[PDB]
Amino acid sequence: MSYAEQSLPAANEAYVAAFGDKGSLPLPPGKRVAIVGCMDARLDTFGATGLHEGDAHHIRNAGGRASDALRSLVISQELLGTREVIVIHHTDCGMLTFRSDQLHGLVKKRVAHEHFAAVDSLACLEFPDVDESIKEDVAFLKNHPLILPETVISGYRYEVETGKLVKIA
């Protein structure tokens, strides 16, 4: 049926049984960090980077794209933490494999004509190169006037093969 019904109830029971003192961590992130990472199932933005409960904000979307993450970032900065952004794109990203029009035409084949207008309004934010997408996203944020001027910003290629985060910008 679902992961939610079958596996989750015991898995959380365990997480709760292991929950220790985490009950009393407050809202603003301790390390003043916002992670911007792709949503790829193989990446855990906690463990891959030594971050534990309460340390950093975890913003994740298809591709790990800054533009998409910007609203979350503005909130993370201006309301909470955070004067650090770490960008993580990864290797074998699903966003290397397609173009927005291809996706449009696909979803079009699986939904009524009355929703074609809707599909056609999604910028997917695909990229042809993992590292250039990192460079581009870092730069973007480094100049985005809605991001604070003192923000430290860096970008890493997560390698799904090694598990290594490799400094790109």
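Numbers for residues come from their place in the sequence shown, where the first is 1.
Higher average CA B factor: 92-100, of the stretches 70-78 and 92-100. Judged by mean Cα B factor in the deposited record, 112-120 ranks above the other of 112-120 and 30-38. Based on the entry's C-alpha B-factors, the most elevated value among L51, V130, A62, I59 belongs to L51. In the deposited entry, the Cα temperature factor of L146 places it in the lowest third of its chain's modelled residues.
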